[PDB]
Amino acid sequence: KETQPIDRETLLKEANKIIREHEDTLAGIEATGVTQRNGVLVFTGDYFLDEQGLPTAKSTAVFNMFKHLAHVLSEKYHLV
Amino acid sequence: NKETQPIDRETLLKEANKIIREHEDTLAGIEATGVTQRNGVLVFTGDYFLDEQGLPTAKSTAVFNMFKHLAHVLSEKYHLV
Ligand SMILES: [Cl-]
Ligand code: NA
């Protein structure tokens with residue numbers, strides 16, 4: 001529950017490492033399925049899960065992007 | 001009855017994938033160059049690619065998404081000192 005202290009310079013360095021990671025992963029991200037579960041779009045695709053089926057560092061970018069798609073596209077479209 | 005536009009799965013997926021490719025392209029240009037902590041939440045700042053009048057553009061959306069993701073994940077790990 002407790003967090004670690006960090007300074008501005010070190011935090012920005014790690015933040016920028018995350019951005020570069022996301023940029024890398026995004027080249028492989030593709031929505032391959034969508035349903036509308038109750039007025040909410042849910043996009044599906046390859047989450048880059050590990051061999052045991054668990055999310056990886058790489059998966060985080062997929063969850064973020066698919067949530068963004070649901071959030072934005074659900075406001076303008078309904079699936080027929 | 002509704003206020004969204006109807007769309008089929010094929011067209012919807014094409015549109016979602018274009019958004020993904022667009023975010024991919026913009027991310028090449030994204031860098032967090034500032035951070036503060038406000039009411040316990042980290043706030044990252046940098047170039048939002050605002051238009052000449054200071055308003056968000058389509059390109060800006062990728063930055064807002066990425067910086068929110070950073071605030072959400074890093075605030076749970078760290079606090080700024
Ligand atoms: Cl309809
Ligand atoms: Na925190």
# chains A, B, ... in the order shown; residues from 1 in each chain; ligands from 1

$ closest_atom_pairs --of "chain A" --to "ligand 1" --cutoff "12 Å" --atoms "only C-alpha atoms and all ligand atoms" --output "CSV"
residue,atom,partner,partner_atom_place_in_ligand_line,distance
A:77,CA,ligand 1,1 (Cl),9.8
A:78,CA,ligand 1,1 (Cl),7.5
A:79,CA,ligand 1,1 (Cl),8.2
A:80,CA,ligand 1,1 (Cl),6.6

$ interface_residues --of "chain B" --to "chain A" --cutoff "6 Å" --atoms "only C-alpha atoms" --output "ChimeraX atom specification"
/B:4-8,24,27,77-81

$ write_last_selection --atoms "N, CA and C atoms" --output "JSON list (two decimals), in the first residue's frame"
[["chain", "number", "residue", "atom", "x", "y", "z"],
["B", 4, "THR", "N", -26.21, 7.82, -30.89],
["B", 4, "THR", "CA", -25.05, 7.39, -31.63],
["B", 4, "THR", "C", -25.48, 7.05, -33.06],
["B", 5, "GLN", "N", -24.49, 6.94, -33.92],
["B", 5, "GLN", "CA", -24.65, 6.47, -35.29],
["B", 5, "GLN", "C", -24.58, 4.93, -35.30],
["B", 6, "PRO", "N", -25.44, 4.27, -36.08],
["B", 6, "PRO", "CA", -25.26, 2.81, -36.20],
["B", 6, "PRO", "C", -24.04, 2.48, -37.03],
["B", 7, "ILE", "N", -23.34, 1.40, -36.70],
["B", 7, "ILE", "CA", -22.18, 0.96, -37.46],
["B", 7, "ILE", "C", -22.09, -0.59, -37.44],
["B", 8, "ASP", "N", -21.61, -1.23, -38.51],
["B", 8, "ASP", "CA", -21.35, -2.69, -38.46],
["B", 8, "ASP", "C", -19.93, -3.02, -37.95],
["B", 24, "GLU", "N", 0.02, 5.18, -32.73],
["B", 24, "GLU", "CA", 1.36, 4.68, -32.94],
["B", 24, "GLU", "C", 2.26, 5.74, -33.57],
["B", 27, "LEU", "N", 2.97, 8.72, -31.05],
["B", 27, "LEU", "CA", 3.80, 8.37, -29.88],
["B", 27, "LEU", "C", 5.28, 8.58, -30.13],
["B", 77, "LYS", "N", 2.86, 3.59, -7.77],
["B", 77, "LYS", "CA", 4.19, 3.08, -7.40],
["B", 77, "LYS", "C", 4.97, 4.08, -6.57],
["B", 78, "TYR", "N", 4.84, 5.36, -6.90],
["B", 78, "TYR", "CA", 5.72, 6.39, -6.37],
["B", 78, "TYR", "C", 5.01, 7.56, -5.76],
["B", 79, "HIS", "N", 5.74, 8.30, -4.94],
["B", 79, "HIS", "CA", 5.37, 9.68, -4.66],
["B", 79, "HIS", "C", 6.57, 10.59, -4.84],
["B", 80, "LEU", "N", 6.27, 11.80, -5.31],
["B", 80, "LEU", "CA", 7.29, 12.75, -5.71],
["B", 80, "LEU", "C", 7.83, 13.48, -4.48],
["B", 81, "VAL", "N", 9.16, 13.54, -4.37],
["B", 81, "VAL", "CA", 9.86, 14.15, -3.23],
["B", 81, "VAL", "C", 10.90, 15.18, -3.68]]

$ residues_around --residues "residue 43 (chain B)" --least-positions-apart "5" --cutoff "12 Å" --atoms "only C-alpha atoms" --output "list in words"
residues 8, 11, 12 and 15 of chain A; 32, 33, 34, 35, 36, 37, 38, 64, 66, 67, 68, 69, 70, 71, 72, 73, 74, 75, 79 and 80 of chain B

$ atom_distance --atom1 "CA of residue 31 (chain B)" --atom2 "CA of residue 46 (chain B)"
6.2 Å

$ closest_residue --among "B:20, B:63, B:41, B:28" --to "ligand 2" --atoms "only C-alpha atoms and all ligand atoms"
B:41

$ select_by_dssp --residues "chain B" --states "helix (DSSP H, G or I)" --output "ChimeraX atom specification"
/B:9-27,58-77

$ select_by_dssp --residues "chain B" --states "strand (DSSP E)" --output "PyMOL selection string"
chain B and resi 5-7+32-38+41-46+78-80

$ closest_residue --among "B:11, B:26, B:39, B:1" --to "ligand 2" --atoms "only C-alpha atoms and all ligand atoms"
B:39

$ atom_distance --atom1 "CA of residue 44 (chain B)" --atom2 "CA of residue 59 (chain B)"
17.1 Å

$ closest_residue --among "B:55, B:42, B:19, B:30" --to "ligand 2" --atoms "only C-alpha atoms and all ligand atoms"
B:42
